[PDB]
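# Topology and contacts: notes
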Amino acid sequence: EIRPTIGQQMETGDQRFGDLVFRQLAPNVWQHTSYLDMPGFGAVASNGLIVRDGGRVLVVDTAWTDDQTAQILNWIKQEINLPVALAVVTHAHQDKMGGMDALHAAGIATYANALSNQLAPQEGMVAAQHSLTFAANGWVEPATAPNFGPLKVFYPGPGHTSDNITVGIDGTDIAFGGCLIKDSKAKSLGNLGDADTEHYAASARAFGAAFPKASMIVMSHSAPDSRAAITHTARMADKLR
Ligand SMILES: Nc1nc(C(=O)O)c(CCc2cccs2)s1
Ligand SMILES: [Zn+2]
Ligand SMILES: [Zn+2]
């Protein structure tokens, strides 16, 4: 407790660690959850991923702050004890990139969509060290994503932001929609202040079609859900046109 305003509440299978919560989703994948205190509003949860690939760890998204992001690094040290090779950050918003400085201090190599890096300062964020670029079909250009192990990085098109990207984990049932996807019971699409209302639905559908195998859809502001989250996000976006 650890009692949010937005996101998922605490449930069995979670493990608190400082101001953060971790939940194991598969033998080599964990969800990290960190909360931001907005006075007069309360605690907003954001979720990222931690992936063990052989003998290194790969991180998807920072926490809201450097301090929380260092805490993720200490949790990895305590529970995994393997070098953190890289992190991919999924768009230039505080919940996904607020802790870049913490990663760069610890020697972790960071990657973001080129557009995220160009947006980053405008959005109050530090840029990743390296820019991912994408084919017209949305798949990352492989030269720009070296040694990514099982991470399959897809740009689905503009949606929650124009720069939003997504990540599947090969050899698991998991794909990460980030802030693009909301849960199957959600009543809205979260913050649309930077959203592309015309193209959102196509981009949600493109996410689903790019990772057709995954059955566990992880997302930034809700607990992991089924593929229903994808079709539900897409219908809710259909109303935006
Ligand atoms: N930093 C923040 N990101 C989002 C987002 O939608 O990605 C926010 C809104 C959170 C909510 C999602 C669904 C209902 S509220 S805040
Ligand atoms: Zn965002
Ligand atoms: Zn968000």
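## So, the site of ligand 1
Looking at ligand 1, the residues that line it are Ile6, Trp64, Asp95, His160, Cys179, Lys182, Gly190, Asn191 and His221. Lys182 places a polar side-chain atom, nitrogen or oxygen, 3.0 Å from an oxygen atom of ligand 1. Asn191 is positioned such that a nitrogen or oxygen atom in its backbone is 3.1 Å from an oxygen atom of ligand 1. The site holding ligand 1 turns out to be the largest pocket. Grouping the amino acids of the shell around ligand 1 by side-chain chemistry returns three nonpolar, four polar and two charged.

## Here we look at the pairing of strand β6 (residues 84–89)
Within β6, five of the six residues are buried, which leaves the element mostly enclosed by the surrounding structure. Sheet topology places strand β5 (residues 56–60) next to β6; four bridges connect them, and they run parallel. Note on β6: the bridge partner recorded for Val57 is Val84. Read as a crossover between parallel neighbours, the route from β5 over helix α1 (residues 66–79) to β6 is right-handed. In this sheet, strand β7 (residues 109–113) lies alongside β6 in parallel orientation, the contact comprising four bridges. Paired with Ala87 across the two strands is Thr110, which belongs to β7.

Rules and cut-offs
Residues numbered from 1 in each chain as written, not as in the entry; some residues may be left out. Chains lettered and ligands numbered in written order. Heavy atoms only, no water. Near = heavy atom within 4 Å. Polar contact = N/O pair within 3.5 Å; in protein donor to acceptor, adjacent residues only side chain to side chain. 1 Å grid on protein atoms, 1.4 Å probe; cavity = no way out; pocket = protein on both sides within 12 Å on 5 of 7 lines; lining within 4 Å. Sits in = over half its atoms within 2 Å of the grid points. Nonpolar A, V, L, I, M, F, W, Y, C, P; charged D, E, K, R; others polar. Buried < 20%, exposed > 50% of the residue type's maximum accessible area, 1.4 Å probe, protein only. Helix = DSSP H or I, 4+ residues; strand = E, 2+ residues; numbered from the N terminus. Pairing = 2+ DSSP bridges. Right-handed = clockwise from strand over helix to strand, strands pointing away.

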